[PDB]
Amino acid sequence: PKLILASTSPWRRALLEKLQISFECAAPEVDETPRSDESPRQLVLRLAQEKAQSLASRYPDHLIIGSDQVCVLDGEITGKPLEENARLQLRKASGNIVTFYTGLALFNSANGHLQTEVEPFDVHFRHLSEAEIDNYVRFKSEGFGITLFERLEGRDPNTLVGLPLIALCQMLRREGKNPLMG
C-alpha cells in the first residue's frame, strides 16, 4: 500500500521525507475544535485518527498517517497562535514547563488496521523579560526559539517539530513497511 500524509503542513511533509518512503500529501477535512470535556491527550489522539480515517475513501488501499499537536499553557489547551496570538503564548510560557502533546495515527484503509500513539514533549522555558519577549516577537524549536529555552525533554525532537518519527517508524514496522527495507 502507498503512503499518504493527511496534512498540508510543510513541516510535517519535510519530517516525513526523512524516512525516504514515497508519499503523497492530502488535506483532511476535520473540525479541530476541542470539546469541553476533552484532555489535551484525548484531543490529539482523536484528531490524529480522524484525520487519517477521513481520507480512507479517497485513498482506499493505503497507509494513511494522521497527526495533531497542541500545547498546554497552565492547564489550557492551545494550538497554532495565528501575531498578537504568538505574543500572548510566550508571556504564559515564561519561567514554566510547557508540555506539547502530539498524537499520531497510522491507518491501513485496505484492511482497517489502526495504530495510535500520543507522545509528550516538555519545553522548559527560561524566565523571560517583556523586552526579550518583545524582541523575539515575532515558537520555532528548530530555529531562533532556542534562545527561549532552558531545556528540551522528550523521546524524539521530531515530535516537538510536529511528527513523532520514532513512533511512526515502529508503526510502519508493524505494517511490514520498515523504512530500512524500502
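Numbers for residues come from their place in the sequence shown, where the first is 1.
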{"item": "Deposited residues omitted from coordinates between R155 and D156, as a class", "value": "none"}
{"item": "Residue stretch of maximal mean CA temperature factor, 72-80 vs 91-99", "value": "72-80"}
{"item": "Entry-level comparison of average CA B-factors, 39-47 and 125-133, reporting the higher stretch", "value": "125-133"}
{"item": "Chain-relative CA temperature factor third for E117", "value": "middle"}
{"item": "Third of chain Cα B-factors occupied by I146", "value": "lowest"}
{"item": "Cα B factor band for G176 (lowest, middle or highest third within the chain)", "value": "middle"}
{"item": "Record-listed C-alpha B factor of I65: chain third", "value": "lowest"}
